[PDB]
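Asker: What follows is run.cif, made up of mmCIF, C-alpha atoms and all ligand atoms:
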```cif
data_query
#
loop_
_atom_site.label_atom_id
_atom_site.label_comp_id
_atom_site.auth_asym_id
_atom_site.auth_seq_id
_atom_site.Cartn_x
_atom_site.Cartn_y
_atom_site.Cartn_z
CA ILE A 1 0.00 0.00 0.00
CA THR A 2 1.10 3.55 -0.70
CA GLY A 3 0.44 5.64 2.42
CA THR A 4 1.96 7.30 5.47
CA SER A 5 3.91 5.56 8.23
CA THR A 6 2.00 5.45 11.51
CA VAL A 7 2.19 3.58 14.79
CA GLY A 8 -0.63 1.44 16.13
CA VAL A 9 -1.04 -0.17 19.52
CA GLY A 10 -2.54 -3.50 20.58
CA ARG A 11 -2.14 -6.68 22.63
CA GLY A 12 -0.40 -9.85 21.58
CA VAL A 13 -1.55 -13.46 21.97
CA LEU A 14 -0.29 -13.70 25.57
CA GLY A 15 -2.07 -10.44 26.42
CA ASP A 16 0.87 -8.04 26.41
CA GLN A 17 0.51 -4.52 24.98
CA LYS A 18 2.86 -3.48 22.22
CA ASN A 19 3.33 -0.80 19.62
CA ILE A 20 3.32 -1.84 15.97
CA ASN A 21 4.37 -0.03 12.81
CA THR A 22 1.41 0.49 10.52
CA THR A 23 0.58 2.24 7.26
CA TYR A 24 -2.31 4.64 6.83
CA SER A 25 -4.38 4.99 3.69
CA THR A 26 -8.09 5.06 4.49
CA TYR A 27 -7.49 2.09 6.76
CA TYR A 28 -4.54 1.27 8.94
CA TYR A 29 -2.58 -1.62 7.49
CA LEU A 30 -0.08 -4.00 9.10
CA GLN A 31 2.71 -2.68 6.89
CA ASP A 32 5.96 -1.64 8.57
CA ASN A 33 7.90 0.78 6.40
CA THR A 34 10.69 1.22 8.98
CA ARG A 35 12.43 -2.05 8.14
CA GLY A 36 13.96 -2.70 4.73
CA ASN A 37 11.48 -3.01 1.98
CA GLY A 38 8.72 -3.52 4.48
CA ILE A 39 7.12 -6.03 6.81
CA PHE A 40 3.63 -7.08 5.70
CA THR A 41 1.03 -9.03 7.67
CA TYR A 42 -2.05 -10.65 6.15
CA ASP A 43 -5.27 -12.41 7.27
CA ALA A 44 -5.93 -15.84 5.80
CA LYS A 45 -9.35 -15.68 7.49
CA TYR A 46 -9.42 -19.33 8.59
CA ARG A 47 -8.74 -20.43 5.03
CA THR A 48 -5.67 -21.74 3.21
CA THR A 49 -5.42 -19.35 0.30
CA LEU A 50 -2.23 -17.36 0.80
CA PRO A 51 -1.20 -14.80 1.61
CA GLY A 52 -4.75 -13.57 1.95
CA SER A 53 -5.52 -9.88 2.41
CA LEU A 54 -3.17 -7.24 3.86
CA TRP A 55 -4.38 -6.70 7.40
CA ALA A 56 -6.71 -3.71 7.54
CA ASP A 57 -7.88 -1.93 10.68
CA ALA A 58 -10.07 1.12 10.92
CA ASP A 59 -8.61 2.82 13.96
CA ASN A 60 -5.01 1.64 14.45
CA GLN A 61 -5.96 -0.08 17.69
CA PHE A 62 -5.45 -3.85 17.78
CA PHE A 63 -6.88 -5.13 21.06
CA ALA A 64 -9.46 -7.55 19.75
CA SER A 65 -8.76 -11.23 20.35
CA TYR A 66 -8.93 -11.83 16.57
CA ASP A 67 -6.15 -9.21 16.20
CA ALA A 68 -3.72 -10.79 18.64
CA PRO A 69 -2.02 -13.30 16.31
CA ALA A 70 -1.49 -10.55 13.75
CA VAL A 71 0.00 -8.16 16.30
CA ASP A 72 2.57 -10.76 17.33
CA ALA A 73 3.45 -12.07 13.89
CA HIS A 74 4.01 -8.48 12.80
CA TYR A 75 6.00 -7.43 15.84
CA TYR A 76 8.22 -10.49 16.14
CA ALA A 77 9.09 -10.40 12.46
CA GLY A 78 10.38 -6.91 13.19
CA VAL A 79 12.37 -8.13 16.15
CA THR A 80 13.88 -10.93 14.13
CA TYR A 81 14.58 -8.37 11.42
CA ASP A 82 16.62 -6.30 13.82
CA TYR A 83 18.49 -9.29 15.20
CA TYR A 84 19.95 -10.23 11.83
CA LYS A 85 20.72 -6.61 10.97
CA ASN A 86 22.17 -5.49 14.28
CA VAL A 87 23.95 -8.71 15.15
CA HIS A 88 24.97 -10.22 11.82
CA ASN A 89 24.70 -7.20 9.55
CA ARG A 90 22.15 -9.01 7.45
CA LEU A 91 19.38 -7.05 5.73
CA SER A 92 16.28 -9.20 5.83
CA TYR A 93 16.32 -12.84 4.76
CA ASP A 94 17.79 -12.51 1.30
CA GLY A 95 20.39 -10.02 2.50
CA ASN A 96 18.97 -7.32 0.21
CA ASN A 97 16.03 -6.18 2.36
CA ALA A 98 13.42 -8.43 0.79
CA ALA A 99 9.87 -7.69 1.93
CA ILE A 100 8.89 -9.87 4.81
CA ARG A 101 5.35 -11.18 4.65
CA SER A 102 3.36 -13.22 7.14
CA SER A 103 -0.18 -14.59 7.08
CA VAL A 104 -2.16 -15.41 10.24
CA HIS A 105 -5.42 -17.21 10.98
CA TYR A 106 -4.35 -19.96 8.60
CA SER A 107 -6.94 -22.75 8.28
CA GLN A 108 -9.01 -23.90 11.28
CA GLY A 109 -7.46 -25.44 14.42
CA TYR A 110 -4.09 -25.59 12.64
CA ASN A 111 -1.39 -26.72 15.09
CA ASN A 112 1.58 -25.49 13.18
CA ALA A 113 3.33 -22.66 11.37
CA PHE A 114 5.73 -22.64 8.46
CA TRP A 115 7.72 -20.96 5.75
CA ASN A 116 6.23 -21.85 2.38
CA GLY A 117 9.08 -20.74 0.10
CA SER A 118 7.79 -17.15 -0.04
CA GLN A 119 6.31 -16.20 3.34
CA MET A 120 5.53 -17.12 6.94
CA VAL A 121 2.21 -18.83 7.77
CA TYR A 122 0.69 -19.28 11.26
CA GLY A 123 -2.25 -21.36 12.39
CA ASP A 124 -4.28 -20.46 15.49
CA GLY A 125 -3.81 -23.91 16.97
CA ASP A 126 -6.72 -25.96 18.32
CA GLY A 127 -6.52 -24.21 21.69
CA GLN A 128 -5.51 -27.50 23.29
CA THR A 129 -2.23 -28.46 21.68
CA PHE A 130 -1.52 -24.86 20.68
CA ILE A 131 -2.75 -21.27 20.89
CA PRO A 132 -1.86 -19.00 17.89
CA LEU A 133 1.69 -19.89 17.03
CA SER A 134 2.89 -16.38 16.30
CA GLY A 135 2.61 -15.87 20.07
CA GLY A 136 6.02 -17.58 20.25
CA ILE A 137 8.96 -15.38 19.30
CA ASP A 138 11.19 -18.43 18.91
CA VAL A 139 8.57 -19.86 16.59
CA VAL A 140 8.47 -16.75 14.42
CA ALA A 141 12.25 -16.45 14.23
CA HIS A 142 12.54 -20.21 13.54
CA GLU A 143 10.31 -19.80 10.53
CA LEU A 144 11.91 -16.63 9.11
CA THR A 145 15.28 -18.28 9.64
CA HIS A 146 14.24 -21.01 7.19
CA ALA A 147 14.11 -18.17 4.65
CA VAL A 148 17.68 -17.29 5.60
CA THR A 149 18.81 -20.89 5.09
CA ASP A 150 17.03 -21.26 1.75
CA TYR A 151 18.80 -18.16 0.48
CA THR A 152 22.20 -19.14 1.86
CA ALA A 153 23.23 -22.77 2.46
CA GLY A 154 19.95 -24.06 1.02
CA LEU A 155 20.10 -27.22 3.09
CA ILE A 156 17.79 -29.78 1.49
CA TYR A 157 14.82 -30.51 3.70
CA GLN A 158 15.52 -34.18 4.33
CA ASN A 159 17.77 -36.56 6.31
CA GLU A 160 20.90 -34.97 7.84
CA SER A 161 20.88 -31.78 5.78
CA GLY A 162 17.23 -31.41 6.73
CA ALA A 163 17.93 -32.00 10.44
CA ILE A 164 20.65 -29.35 10.22
CA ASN A 165 18.18 -27.03 8.49
CA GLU A 166 15.79 -27.50 11.43
CA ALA A 167 18.50 -27.08 14.10
CA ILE A 168 19.66 -23.82 12.50
CA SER A 169 16.11 -22.54 12.73
CA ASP A 170 15.90 -23.70 16.34
CA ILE A 171 19.27 -22.20 17.19
CA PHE A 172 18.60 -18.80 15.68
CA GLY A 173 15.03 -18.85 16.98
CA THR A 174 16.43 -19.13 20.51
CA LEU A 175 19.14 -16.52 19.98
CA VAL A 176 16.44 -14.12 18.83
CA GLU A 177 14.42 -15.06 21.90
CA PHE A 178 17.45 -14.24 24.04
CA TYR A 179 17.88 -11.02 22.06
CA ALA A 180 14.43 -9.70 22.89
CA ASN A 181 15.25 -10.92 26.40
CA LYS A 182 11.73 -11.91 27.44
CA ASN A 183 11.69 -15.16 29.41
CA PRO A 184 14.36 -16.64 27.17
CA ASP A 185 15.30 -20.30 27.32
CA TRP A 186 16.60 -23.21 25.25
CA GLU A 187 13.17 -24.75 24.75
CA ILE A 188 11.18 -24.32 21.55
CA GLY A 189 7.58 -23.11 21.44
CA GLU A 190 6.90 -23.14 25.16
CA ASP A 191 5.03 -19.85 24.96
CA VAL A 192 2.26 -21.23 22.75
CA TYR A 193 2.33 -24.99 23.35
CA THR A 194 -0.21 -26.80 25.54
CA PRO A 195 -1.78 -23.92 27.41
CA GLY A 196 -3.13 -26.54 29.81
CA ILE A 197 0.27 -27.93 30.75
CA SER A 198 2.85 -25.63 32.23
CA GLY A 199 6.59 -26.18 32.02
CA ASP A 200 6.61 -28.18 28.76
CA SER A 201 7.56 -27.48 25.16
CA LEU A 202 7.73 -28.80 21.61
CA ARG A 203 11.47 -29.51 21.72
CA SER A 204 14.40 -28.93 24.06
CA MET A 205 17.88 -27.93 22.92
CA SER A 206 19.41 -28.42 26.36
CA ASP A 207 18.07 -31.96 26.64
CA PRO A 208 16.39 -33.12 23.47
CA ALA A 209 15.64 -36.49 24.99
CA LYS A 210 13.01 -34.96 27.31
CA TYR A 211 10.76 -35.25 24.26
CA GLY A 212 12.19 -38.45 22.78
CA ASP A 213 14.58 -36.64 20.45
CA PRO A 214 18.12 -37.97 20.07
CA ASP A 215 21.03 -36.30 21.85
CA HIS A 216 23.77 -38.49 20.35
CA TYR A 217 24.55 -39.62 16.77
CA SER A 218 24.26 -43.32 17.71
CA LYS A 219 20.57 -42.72 18.48
CA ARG A 220 19.96 -41.15 15.12
CA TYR A 221 16.63 -41.83 13.45
CA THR A 222 17.02 -43.41 10.03
CA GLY A 223 13.46 -44.11 9.06
CA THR A 224 11.39 -42.23 6.50
CA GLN A 225 8.87 -40.35 8.65
CA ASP A 226 9.24 -36.59 9.15
CA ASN A 227 11.23 -36.41 5.92
CA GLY A 228 13.82 -38.68 7.51
CA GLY A 229 13.58 -37.23 11.03
CA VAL A 230 14.30 -33.57 10.32
CA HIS A 231 12.57 -32.47 13.54
CA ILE A 232 14.01 -35.43 15.44
CA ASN A 233 17.66 -35.66 14.48
CA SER A 234 17.94 -31.87 14.92
CA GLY A 235 18.17 -32.64 18.63
CA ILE A 236 21.67 -33.98 18.06
CA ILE A 237 22.72 -30.67 16.54
CA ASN A 238 20.73 -28.45 18.90
CA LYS A 239 22.50 -30.23 21.75
CA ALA A 240 25.90 -29.51 20.21
CA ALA A 241 24.86 -25.87 19.86
CA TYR A 242 23.60 -25.76 23.44
CA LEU A 243 26.87 -27.19 24.73
CA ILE A 244 29.01 -24.96 22.58
CA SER A 245 27.31 -21.99 24.19
CA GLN A 246 26.46 -23.11 27.72
CA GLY A 247 28.95 -25.90 28.20
CA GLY A 248 28.50 -29.14 30.13
CA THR A 249 29.46 -32.81 30.31
CA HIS A 250 27.43 -35.03 27.96
CA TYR A 251 27.91 -38.80 28.07
CA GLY A 252 31.17 -38.03 29.87
CA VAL A 253 32.55 -35.54 27.36
CA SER A 254 33.15 -32.08 28.77
CA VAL A 255 32.60 -28.82 26.89
CA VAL A 256 33.64 -25.33 27.90
CA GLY A 257 30.80 -22.99 26.95
CA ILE A 258 31.79 -19.90 24.98
CA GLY A 259 28.48 -18.05 25.25
CA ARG A 260 25.63 -17.51 22.88
CA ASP A 261 27.01 -14.52 21.02
CA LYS A 262 29.99 -16.56 19.80
CA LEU A 263 27.79 -19.54 19.03
CA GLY A 264 25.64 -17.21 17.00
CA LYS A 265 28.66 -15.79 15.23
CA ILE A 266 30.14 -19.17 14.47
CA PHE A 267 26.92 -20.67 13.15
CA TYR A 268 25.91 -17.66 11.04
CA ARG A 269 29.31 -17.87 9.38
CA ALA A 270 29.01 -21.63 8.91
CA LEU A 271 25.55 -21.11 7.46
CA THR A 272 26.66 -18.32 5.13
CA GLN A 273 30.09 -19.39 3.92
CA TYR A 274 30.55 -23.16 4.35
CA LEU A 275 27.29 -25.12 4.42
CA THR A 276 25.81 -26.36 1.12
CA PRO A 277 22.45 -27.94 0.15
CA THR A 278 23.64 -31.49 0.83
CA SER A 279 25.79 -30.95 3.92
CA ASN A 280 25.72 -33.71 6.50
CA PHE A 281 26.47 -33.67 10.22
CA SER A 282 30.16 -34.42 9.90
CA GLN A 283 30.23 -31.74 7.28
CA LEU A 284 28.54 -29.34 9.67
CA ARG A 285 31.27 -30.18 12.14
CA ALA A 286 33.87 -29.14 9.60
CA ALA A 287 32.06 -25.94 8.64
CA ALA A 288 31.78 -24.81 12.27
CA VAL A 289 35.35 -25.67 13.20
CA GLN A 290 36.52 -23.69 10.16
CA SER A 291 34.15 -20.86 11.02
CA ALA A 292 35.56 -20.76 14.53
CA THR A 293 39.07 -20.88 13.18
CA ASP A 294 38.33 -18.02 10.83
CA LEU A 295 36.91 -16.08 13.72
CA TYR A 296 39.14 -16.75 16.70
CA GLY A 297 42.22 -18.65 15.65
CA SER A 298 43.00 -22.30 15.04
CA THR A 299 44.19 -22.67 18.64
CA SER A 300 41.42 -20.68 20.33
CA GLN A 301 39.16 -22.13 23.02
CA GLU A 302 36.32 -21.44 20.65
CA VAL A 303 37.68 -23.91 18.15
CA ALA A 304 38.34 -26.39 20.95
CA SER A 305 34.85 -26.10 22.35
CA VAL A 306 33.26 -26.64 18.97
CA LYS A 307 35.22 -29.90 18.68
CA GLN A 308 34.34 -30.91 22.23
CA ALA A 309 30.69 -30.29 21.52
CA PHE A 310 30.56 -32.35 18.32
CA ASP A 311 32.57 -35.04 20.05
CA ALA A 312 30.05 -35.14 22.85
CA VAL A 313 27.15 -35.70 20.47
CA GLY A 314 29.14 -38.38 18.64
CA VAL A 315 29.71 -36.38 15.50
CA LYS A 316 33.09 -36.75 13.84
CA CA A 401 -9.13 -1.71 15.58
CA CA A 402 10.80 -18.43 26.62
CA CA A 403 12.01 -20.71 23.73
CA CA A 404 2.35 -25.82 27.78
ZN ZN A 405 11.28 -25.65 10.94
#
```
Would you encode the structure as structure tokens?
Ligand SMILES: [Ca+2]
Ligand SMILES: [Ca+2]
Ligand SMILES: [Ca+2]
Ligand SMILES: [Ca+2]
Ligand SMILES: [Zn+2]
Answerer:
Amino acid sequence: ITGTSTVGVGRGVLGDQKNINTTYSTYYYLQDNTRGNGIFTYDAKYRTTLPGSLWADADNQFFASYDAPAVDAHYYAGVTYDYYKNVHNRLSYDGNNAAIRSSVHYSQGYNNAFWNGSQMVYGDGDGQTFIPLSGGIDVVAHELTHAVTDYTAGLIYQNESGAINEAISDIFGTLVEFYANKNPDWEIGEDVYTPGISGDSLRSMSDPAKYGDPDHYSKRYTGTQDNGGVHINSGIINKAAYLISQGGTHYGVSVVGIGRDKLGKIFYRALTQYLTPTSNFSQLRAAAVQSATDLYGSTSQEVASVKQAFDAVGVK
């Protein structure tokens, strides 16, 4: 829409009040002109035609319950935008300030969210397994991060390259969570998963096995389900990432944590300069060690921790 940049206010899914960047032209649209070539939020209106219609509001106030998923999808895309730009000097997902678009209210009772090749899509959940999935900043950043991957490494969505693809989204989703610094953790999706059960989550990076995911190569899934276990086997890599940052002793192998900023730096580099569409785990090991070397010296602690971490998850 051509119009003037304005600022609306509303409440997100969890009931928090936030300001959002809107665009005015008769109606107030969920169109943020303050970030790259824009952030654009649409209403799929319980259907599956995408992206749907650019979100339109009469008064620039977004406090209705129907509005809440849109408020959050819009705002957290912005937050994720600023993480990549401020932290990795990356302008949107293609690196050239591509427009970021999101649709909410996708289908009915849809317990998921995803990147479809062109845009982010968020269901409202069935209210039992999930509440609207854009309520989770780690979920939003996970999904936009798939855009980053597709444009960089382009890790094929299957088997080990696919489990790396998923881990990368989980890792950057968490780092963005930490960045906004609101109840951050190394769990995925806890903010919108099972509103009836407290303390749980979709996946854990710190201990993948809490939800049956593997935390060592030797427990890798090799079946055909989940595109070859892309959301399963990512636990092995998420664990490595966790340990690289936070440290610990896993199956008796000790890792000195180097903190999440360095993790972030090492894995963005790996993602942007060494990983390829068909990279496997062992190849990820090599990319990250080289990334760390590039960054802090072949004999740095950073390099040594990265090795320790991959050792601990059984990845040579
Ligand atoms: Ca309104
Ligand atoms: Ca959290
Ligand atoms: Ca989280
Ligand atoms: Ca829950
Ligand atoms: Zn994903």
Asker: Under the rule of at most 8 Å, produce a per-residue listing of chain A near ligand CA 401 (chain A): chain, number, name, the closest pair of atoms, and the distance in Å, as a Markdown table, using only C-alpha atoms and all ligand atoms.
Answerer:
```
| residue | atom | partner | partner_atom | distance |
| --- | --- | --- | --- | --- |
| A:57 | CA | A:CA401 | CA | 5.1 |
| A:58 | CA | A:CA401 | CA | 5.5 |
| A:59 | CA | A:CA401 | CA | 4.8 |
| A:60 | CA | A:CA401 | CA | 5.4 |
| A:61 | CA | A:CA401 | CA | 4.1 |
| A:62 | CA | A:CA401 | CA | 4.8 |
| A:63 | CA | A:CA401 | CA | 6.8 |
| A:64 | CA | A:CA401 | CA | 7.2 |
```
Asker: Can you tell me, as an mmCIF file with C-alpha atoms, in the coordinates of the input, what residues are no more than 8 Å from residue 171 of chain A when counting only C-alpha atoms, ignoring any on the same chain fewer than 4 positions away?
Answerer:
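What ended up in out.cif:
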```cif
data_model
loop_
_atom_site.group_PDB
_atom_site.id
_atom_site.type_symbol
_atom_site.label_atom_id
_atom_site.label_comp_id
_atom_site.auth_asym_id
_atom_site.auth_seq_id
_atom_site.Cartn_x
_atom_site.Cartn_y
_atom_site.Cartn_z
ATOM 1 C CA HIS A 142 12.540 -20.210 13.540
ATOM 2 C CA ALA A 167 18.500 -27.080 14.100
ATOM 3 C CA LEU A 175 19.140 -16.520 19.980
ATOM 4 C CA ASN A 238 20.730 -28.450 18.900
ATOM 5 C CA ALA A 241 24.860 -25.870 19.860
#
```
Asker: Between A:82, A:166, A:226, A:191, which residue has the minimum interatomic distance to residue 179 of chain A, considering only C-alpha atoms?
Answerer: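 Comparing A:82, A:166, A:226, A:191 against residue 179 of chain A, the winner is A:82.
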Asker: State, in Å with one decimal place, the distance from atom CA of residue 295 of chain A to atom CA of residue 83 of chain A.
Answerer: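 Between these atoms lies a distance of 19.7 Å.
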Asker: Extract, using only C-alpha atoms, all DNA, RNA and protein residues at most 6 Å from segment 273-277 of chain A, discarding same-chain residues fewer than 2 positions from it, and format them as an NGL selection string.
Answerer: :A and (153-156 or 269-271 or 279 or 287)
Asker: Between atom CA of residue 143 of chain A and atom CA of residue 122 of chain A, measure the distance and give it in Å to one decimal.
Answerer: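 Distance reported for this atom pair: 9.7 Å.
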Asker: Atom CA of residue 80 of chain A to atom CA of ligand CA 402 (chain A): how many Å, to one decimal?
Answerer: 14.9 Å
Asker: Because some atoms of segment 210-236 of chain A are absent here, can you restore N, CA and C atoms and send them as a JSON list (two decimals), in the coordinates of the input?
Answerer:
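Just written: part-v1.json:
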```
[["chain", "number", "residue", "atom", "x", "y", "z"],
["A", 210, "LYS", "N", 14.22, -35.20, 26.54],
["A", 210, "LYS", "CA", 13.01, -34.96, 27.31],
["A", 210, "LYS", "C", 11.76, -35.18, 26.47],
["A", 211, "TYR", "N", 11.88, -34.98, 25.15],
["A", 211, "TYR", "CA", 10.76, -35.25, 24.26],
["A", 211, "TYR", "C", 11.07, -36.32, 23.23],
["A", 212, "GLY", "N", 11.86, -37.32, 23.61],
["A", 212, "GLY", "CA", 12.19, -38.45, 22.78],
["A", 212, "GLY", "C", 13.12, -38.15, 21.62],
["A", 213, "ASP", "N", 13.63, -36.93, 21.53],
["A", 213, "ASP", "CA", 14.58, -36.64, 20.45],
["A", 213, "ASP", "C", 15.98, -37.11, 20.80],
["A", 214, "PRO", "N", 16.77, -37.47, 19.80],
["A", 214, "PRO", "CA", 18.12, -37.97, 20.07],
["A", 214, "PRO", "C", 19.04, -36.84, 20.53],
["A", 215, "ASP", "N", 20.00, -37.21, 21.37],
["A", 215, "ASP", "CA", 21.03, -36.30, 21.85],
["A", 215, "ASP", "C", 22.43, -36.84, 21.59],
["A", 216, "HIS", "N", 22.52, -37.87, 20.77],
["A", 216, "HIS", "CA", 23.77, -38.49, 20.35],
["A", 216, "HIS", "C", 23.59, -39.12, 18.96],
["A", 217, "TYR", "N", 24.62, -39.09, 18.13],
["A", 217, "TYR", "CA", 24.55, -39.62, 16.77],
["A", 217, "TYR", "C", 24.05, -41.06, 16.75],
["A", 218, "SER", "N", 24.58, -41.91, 17.61],
["A", 218, "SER", "CA", 24.26, -43.32, 17.71],
["A", 218, "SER", "C", 22.79, -43.60, 17.97],
["A", 219, "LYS", "N", 22.01, -42.59, 18.32],
["A", 219, "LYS", "CA", 20.57, -42.72, 18.48],
["A", 219, "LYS", "C", 19.85, -42.01, 17.34],
["A", 220, "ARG", "N", 20.58, -41.84, 16.24],
["A", 220, "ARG", "CA", 19.96, -41.15, 15.12],
["A", 220, "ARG", "C", 18.79, -41.96, 14.56],
["A", 221, "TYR", "N", 17.77, -41.23, 14.12],
["A", 221, "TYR", "CA", 16.63, -41.83, 13.45],
["A", 221, "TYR", "C", 16.94, -42.07, 11.98],
["A", 222, "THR", "N", 16.64, -43.25, 11.44],
["A", 222, "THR", "CA", 17.02, -43.41, 10.03],
["A", 222, "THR", "C", 15.83, -43.85, 9.19],
["A", 223, "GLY", "N", 14.66, -43.79, 9.81],
["A", 223, "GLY", "CA", 13.46, -44.11, 9.06],
["A", 223, "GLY", "C", 13.15, -43.02, 8.05],
["A", 224, "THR", "N", 11.91, -43.00, 7.61],
["A", 224, "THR", "CA", 11.39, -42.23, 6.50],
["A", 224, "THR", "C", 10.37, -41.17, 6.88],
["A", 225, "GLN", "N", 9.78, -41.30, 8.05],
["A", 225, "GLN", "CA", 8.87, -40.35, 8.65],
["A", 225, "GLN", "C", 9.52, -38.99, 8.90],
["A", 226, "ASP", "N", 8.71, -37.93, 8.86],
["A", 226, "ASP", "CA", 9.24, -36.59, 9.15],
["A", 226, "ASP", "C", 10.36, -36.21, 8.20],
["A", 227, "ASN", "N", 10.22, -36.62, 6.94],
["A", 227, "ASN", "CA", 11.23, -36.41, 5.92],
["A", 227, "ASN", "C", 12.57, -37.00, 6.34],
["A", 228, "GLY", "N", 12.55, -38.13, 7.05],
["A", 228, "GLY", "CA", 13.82, -38.68, 7.51],
["A", 228, "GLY", "C", 14.25, -38.13, 8.86],
["A", 229, "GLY", "N", 13.30, -37.68, 9.68],
["A", 229, "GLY", "CA", 13.58, -37.23, 11.03],
["A", 229, "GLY", "C", 14.13, -35.83, 11.14],
["A", 230, "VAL", "N", 13.70, -34.91, 10.26],
["A", 230, "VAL", "CA", 14.30, -33.57, 10.32],
["A", 230, "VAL", "C", 14.02, -32.87, 11.64],
["A", 231, "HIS", "N", 12.87, -33.11, 12.27],
["A", 231, "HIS", "CA", 12.57, -32.47, 13.54],
["A", 231, "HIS", "C", 13.00, -33.30, 14.74],
["A", 232, "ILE", "N", 13.56, -34.45, 14.46],
["A", 232, "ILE", "CA", 14.01, -35.43, 15.44],
["A", 232, "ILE", "C", 15.51, -35.36, 15.63],
["A", 233, "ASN", "N", 16.21, -35.69, 14.56],
["A", 233, "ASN", "CA", 17.66, -35.66, 14.48],
["A", 233, "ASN", "C", 18.26, -34.28, 14.70],
["A", 234, "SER", "N", 17.44, -33.22, 14.67],
["A", 234, "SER", "CA", 17.94, -31.87, 14.92],
["A", 234, "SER", "C", 18.37, -31.71, 16.38],
["A", 235, "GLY", "N", 17.79, -32.56, 17.23],
["A", 235, "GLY", "CA", 18.17, -32.64, 18.63],
["A", 235, "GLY", "C", 19.66, -32.92, 18.80],
["A", 236, "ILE", "N", 20.23, -33.77, 17.95],
["A", 236, "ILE", "CA", 21.67, -33.98, 18.06],
["A", 236, "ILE", "C", 22.42, -32.68, 17.82]]
```
